[PDB]
Amino acid sequence: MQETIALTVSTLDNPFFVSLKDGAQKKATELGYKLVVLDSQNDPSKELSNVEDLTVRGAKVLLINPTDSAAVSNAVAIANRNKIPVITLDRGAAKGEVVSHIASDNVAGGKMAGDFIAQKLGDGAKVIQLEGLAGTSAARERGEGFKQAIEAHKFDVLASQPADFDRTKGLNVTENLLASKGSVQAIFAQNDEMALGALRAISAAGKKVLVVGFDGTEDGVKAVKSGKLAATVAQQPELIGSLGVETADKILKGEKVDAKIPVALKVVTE
Ligand SMILES: O[C@@H]1[C@H](O)[C@H](O)CO[C@H]1O
């Protein structure tokens with residue numbers, strides 16, 4: 001009987017997570033596993049029922065990308081109680097027994113983004129941060145890194161506000177902030193979806209604002225190459241997914257794995 005590895009992804013409405021899924025799928029096939037992928041649709045309740053389902057299906061390992069690094073504890077507990085090893089991908093779990101966490105160094109990433117803004121505009125720039133989901137380690141860490149850049153480069157932070165990794169929210173929040181914080185010079189958007197929404201708001205307002213994104217999605221890089229998006233801190237979602245499956249395979253083979261597996265970042269510019 002072919003063995004199954006389960007992947008629960010926070011959403012498939014975001015190109016980044018489609019890439020992560022694809023990387024996990026190709027590596028699963030390469031190593032001889034059936035990959036079962038369930039979409040949490042950014043909903044912790046659906047995530048819980050997803051983990052229940054994959055469990056009754058006899059998944060040998062659970063790869064989970066939490067909708068919320070706190071809320072996910074109860075979902076991890078399901079796998080724990082049913083003796084299914086857990087690997088977290090891209091976002092961590094605050095509680096629950098986890099074998100390995102695989103993600104970018106999102107603190108370094110946030111600092112890279114801020115450093116790039118300073119390189120372009122100089123110290124003392126007026127900036128706005130569009131934050132991701134506050135409950136995720138990815139957003140929290142990017143904020144921490146950006147704070148390091150704010151202090152090092154004496155940025156004037158006009159606003160720092162969530163748009164929940166969503167393109168439409170990114171647009172709406174930016175539209176509002178362009179009205180109230182019109183002197184903003186640069187925006188760090190904690191993912192490319194929000195970056196692209198922000199760019200639409202900026203253009204619609206006829207304003208001049210430098211934007212730095214995060215992920216290096218196809219759309220993100222397209223916007224960078226066109227000169228619309230000043231830069232994006234590129235991640236390797238396919239590699240996060242593939243490393244998840246590779247790590248799952250090692251666990252099942254009885255081989256020890258690293259507790260933390262960092263995945264490299266790179267600033268992509270015009
Ligand atoms: O790292 C991922 C990507 O930035 C995605 O775009 C939003 O969720 C984060 O956890």
# chains A, B, ... in the order shown; residues from 1 in each chain; ligands from 1

$ residues_near_ligand --ligand "ligand 1" --cutoff "9 Å" --atoms "only C-alpha atoms and all ligand atoms" --output "count of residues only"
34

$ residues_around --residues "residue A:26" --least-positions-apart "5" --cutoff "9 Å" --atoms "only C-alpha atoms" --output "list in words"
residues 21, 31 and 242 of chain A

$ atom_distance --atom1 "atom CA of residue A:250" --atom2 "atom CA of residue A:27"
12.8 Å

$ residues_around --residues "residue A:48" --least-positions-apart "2" --cutoff "10 Å" --atoms "only C-alpha atoms" --output "PyMOL selection string"
chain A and resi 8+40+43-46+50-53+71-78

$ select_by_dssp --residues "stretch 207-267 of chain A" --states "strand (DSSP E)" --output "PDB file with N, CA and C atoms, in the first residue's frame"
ATOM      1  N   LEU A 210       7.494  54.500  -3.302  1.00  0.00           N
ATOM      2  CA  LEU A 210       8.310  53.312  -3.525  1.00  0.00           C
ATOM      3  C   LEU A 210       7.753  52.136  -2.741  1.00  0.00           C
ATOM      4  N   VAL A 211       7.644  50.977  -3.385  1.00  0.00           N
ATOM      5  CA  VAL A 211       7.098  49.811  -2.707  1.00  0.00           C
ATOM      6  C   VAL A 211       8.063  48.635  -2.760  1.00  0.00           C
ATOM      7  N   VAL A 212       8.244  47.976  -1.623  1.00  0.00           N
ATOM      8  CA  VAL A 212       9.036  46.752  -1.569  1.00  0.00           C
ATOM      9  C   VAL A 212       8.117  45.631  -1.099  1.00  0.00           C
ATOM     10  N   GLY A 213       8.106  44.511  -1.819  1.00  0.00           N
ATOM     11  CA  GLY A 213       7.278  43.368  -1.463  1.00  0.00           C
ATOM     12  C   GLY A 213       8.047  42.215  -0.845  1.00  0.00           C
ATOM     13  N   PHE A 214       7.410  41.046  -0.819  1.00  0.00           N
ATOM     14  CA  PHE A 214       7.983  39.865  -0.192  1.00  0.00           C
ATOM     15  C   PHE A 214       7.345  38.648  -0.847  1.00  0.00           C
ATOM     16  N   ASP A 215       8.179  37.688  -1.266  1.00  0.00           N
ATOM     17  CA  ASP A 215       7.807  36.385  -1.842  1.00  0.00           C
ATOM     18  C   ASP A 215       8.490  36.104  -3.170  1.00  0.00           C
ATOM     19  N   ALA A 231      11.256  46.460  -5.521  1.00  0.00           N
ATOM     20  CA  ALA A 231      11.964  45.230  -5.181  1.00  0.00           C
ATOM     21  C   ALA A 231      11.017  44.277  -4.510  1.00  0.00           C
ATOM     22  N   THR A 232      11.398  43.007  -4.464  1.00  0.00           N
ATOM     23  CA  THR A 232      10.699  42.059  -3.614  1.00  0.00           C
ATOM     24  C   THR A 232      11.729  41.149  -2.964  1.00  0.00           C
ATOM     25  N   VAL A 233      11.501  40.793  -1.704  1.00  0.00           N
ATOM     26  CA  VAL A 233      12.367  39.831  -1.036  1.00  0.00           C
ATOM     27  C   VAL A 233      11.874  38.444  -1.416  1.00  0.00           C
ATOM     28  N   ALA A 234      12.564  37.825  -2.368  1.00  0.00           N
ATOM     29  CA  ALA A 234      12.135  36.549  -2.934  1.00  0.00           C
ATOM     30  C   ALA A 234      12.371  35.375  -2.006  1.00  0.00           C
ATOM     31  N   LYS A 260      15.134  22.915  12.992  1.00  0.00           N
ATOM     32  CA  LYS A 260      14.895  24.118  12.218  1.00  0.00           C
ATOM     33  C   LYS A 260      15.659  24.041  10.903  1.00  0.00           C
ATOM     34  N   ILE A 261      14.942  24.274   9.811  1.00  0.00           N
ATOM     35  CA  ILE A 261      15.529  24.253   8.474  1.00  0.00           C
ATOM     36  C   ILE A 261      15.235  25.577   7.772  1.00  0.00           C
ATOM     37  N   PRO A 262      16.227  26.480   7.751  1.00  0.00           N
ATOM     38  CA  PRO A 262      16.039  27.779   7.099  1.00  0.00           C
ATOM     39  C   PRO A 262      16.179  27.668   5.584  1.00  0.00           C
ATOM     40  N   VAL A 263      15.435  28.498   4.864  1.00  0.00           N
ATOM     41  CA  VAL A 263      15.452  28.495   3.404  1.00  0.00           C
ATOM     42  C   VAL A 263      15.844  29.891   2.944  1.00  0.00           C
ATOM     43  N   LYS A 266      16.432  36.242  -1.111  1.00  0.00           N
ATOM     44  CA  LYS A 266      17.209  37.075  -2.021  1.00  0.00           C
ATOM     45  C   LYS A 266      16.403  38.303  -2.417  1.00  0.00           C
ATOM     46  N   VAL A 267      17.027  39.477  -2.390  1.00  0.00           N
ATOM     47  CA  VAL A 267      16.342  40.680  -2.869  1.00  0.00           C
ATOM     48  C   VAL A 267      16.406  40.756  -4.387  1.00  0.00           C
TER      49      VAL A 267
END

$ residues_around --residues "residue A:230" --least-positions-apart "6" --cutoff "12 Å" --atoms "only C-alpha atoms" --output "VMD selection string"
chain A and resid 113 116 to 117 119 to 121 186 to 189 192 195 to 196 199 208 to 214 216 220 to 224 267 to 270

$ write_last_selection --atoms "N, CA and C atoms" --output "short mmCIF file (atom, residue, chain, number, x, y, z; two decimals), in the first residue's frame"
data_model
loop_
_atom_site.label_atom_id
_atom_site.label_comp_id
_atom_site.auth_asym_id
_atom_site.auth_seq_id
_atom_site.Cartn_x
_atom_site.Cartn_y
_atom_site.Cartn_z
N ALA A 113 14.32 44.20 3.53
CA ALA A 113 13.35 45.10 2.93
C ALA A 113 13.58 46.54 3.41
N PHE A 116 16.77 47.97 2.01
CA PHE A 116 16.64 48.37 0.61
C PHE A 116 15.96 49.73 0.48
N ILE A 117 14.93 49.97 1.28
CA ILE A 117 14.28 51.27 1.29
C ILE A 117 15.29 52.37 1.62
N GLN A 119 18.51 52.24 1.17
CA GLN A 119 19.47 52.34 0.07
C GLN A 119 18.92 53.25 -1.02
N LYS A 120 17.62 53.13 -1.29
CA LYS A 120 16.98 53.91 -2.34
C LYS A 120 16.75 55.37 -1.95
N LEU A 121 16.22 55.59 -0.75
CA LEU A 121 15.71 56.92 -0.36
C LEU A 121 16.55 57.63 0.68
N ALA A 186 7.65 55.55 1.10
CA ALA A 186 7.89 54.15 0.80
C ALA A 186 6.99 53.27 1.63
N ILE A 187 6.59 52.14 1.04
CA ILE A 187 5.81 51.12 1.74
C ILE A 187 6.56 49.80 1.70
N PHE A 188 6.72 49.18 2.87
CA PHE A 188 7.12 47.77 2.91
C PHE A 188 5.87 46.94 3.06
N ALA A 189 5.58 46.14 2.04
CA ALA A 189 4.43 45.25 2.11
C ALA A 189 4.92 43.84 2.40
N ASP A 192 3.78 39.93 -1.61
CA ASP A 192 3.59 40.51 -2.93
C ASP A 192 2.13 40.80 -3.23
N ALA A 195 1.60 44.00 -1.80
CA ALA A 195 2.40 44.96 -2.56
C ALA A 195 1.67 45.39 -3.83
N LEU A 196 1.07 44.43 -4.51
CA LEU A 196 0.40 44.70 -5.78
C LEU A 196 -0.88 45.50 -5.55
N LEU A 199 0.28 49.09 -4.95
CA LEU A 199 0.67 49.76 -6.19
C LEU A 199 -0.55 50.27 -6.94
N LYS A 208 3.50 59.22 -5.89
CA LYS A 208 4.82 58.64 -6.07
C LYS A 208 5.25 58.02 -4.75
N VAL A 209 5.23 56.70 -4.71
CA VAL A 209 5.57 55.94 -3.51
C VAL A 209 6.32 54.68 -3.90
N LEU A 210 7.49 54.50 -3.30
CA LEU A 210 8.31 53.31 -3.53
C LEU A 210 7.75 52.14 -2.74
N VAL A 211 7.64 50.98 -3.38
CA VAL A 211 7.10 49.81 -2.71
C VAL A 211 8.06 48.64 -2.76
N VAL A 212 8.24 47.98 -1.62
CA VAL A 212 9.04 46.75 -1.57
C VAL A 212 8.12 45.63 -1.10
N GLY A 213 8.11 44.51 -1.82
CA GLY A 213 7.28 43.37 -1.46
C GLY A 213 8.05 42.21 -0.85
N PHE A 214 7.41 41.05 -0.82
CA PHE A 214 7.98 39.86 -0.19
C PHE A 214 7.35 38.65 -0.85
N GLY A 216 8.57 37.12 -4.03
CA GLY A 216 8.96 36.90 -5.41
C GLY A 216 8.05 35.96 -6.17
N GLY A 220 4.72 39.25 -8.59
CA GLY A 220 5.62 40.16 -7.90
C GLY A 220 6.83 40.47 -8.75
N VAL A 221 7.45 39.44 -9.30
CA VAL A 221 8.66 39.66 -10.09
C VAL A 221 8.34 40.39 -11.39
N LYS A 222 7.16 40.12 -11.94
CA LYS A 222 6.72 40.82 -13.14
C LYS A 222 6.64 42.33 -12.86
N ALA A 223 6.09 42.68 -11.71
CA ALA A 223 5.97 44.08 -11.31
C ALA A 223 7.34 44.71 -11.05
N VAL A 224 8.29 43.91 -10.58
CA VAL A 224 9.64 44.43 -10.37
C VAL A 224 10.35 44.66 -11.70
N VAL A 267 17.03 39.48 -2.39
CA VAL A 267 16.34 40.68 -2.87
C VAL A 267 16.41 40.76 -4.39
N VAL A 268 15.23 40.79 -5.01
CA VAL A 268 15.12 40.89 -6.45
C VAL A 268 14.75 42.32 -6.84
N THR A 269 15.53 42.90 -7.75
CA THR A 269 15.34 44.27 -8.21
C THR A 269 15.26 44.33 -9.73
N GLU A 270 15.01 45.52 -10.27
CA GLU A 270 14.85 45.71 -11.72
C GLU A 270 16.02 45.11 -12.50
#

$ atom_distance --atom1 "atom CA of residue A:114" --atom2 "atom CA of residue A:100"
28.9 Å

$ residues_around --residues "residue A:238" --least-positions-apart "3" --cutoff "6 Å" --atoms "only C-alpha atoms" --output "PyMOL selection string"
chain A and resi 19-20+23+241

$ write_last_selection --atoms "C-alpha atoms" --output "compact mmCIF listing (two decimals), in the first residue's frame"
# COMPACT_ATOMS: atom_id res chain seq x y z
CA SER A 19 4.04 27.04 -5.45
CA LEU A 20 4.63 25.44 -2.04
CA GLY A 23 7.07 21.67 -4.70
CA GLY A 241 7.40 22.26 0.09

$ atom_distance --atom1 "atom CA of residue A:149" --atom2 "atom CA of residue A:126"
12.6 Å

$ select_by_dssp --residues "stretch 51-159 of chain A" --states "helix (DSSP H, G or I)" --output "ChimeraX atom specification"
/A:51-56,73-81,106-121,137-153

$ residues_around --residues "residue A:156" --least-positions-apart "6" --cutoff "12 Å" --atoms "only C-alpha atoms" --output "PyMOL selection string"
chain A and resi 114+118+122-129+147+149-150+181+183-187
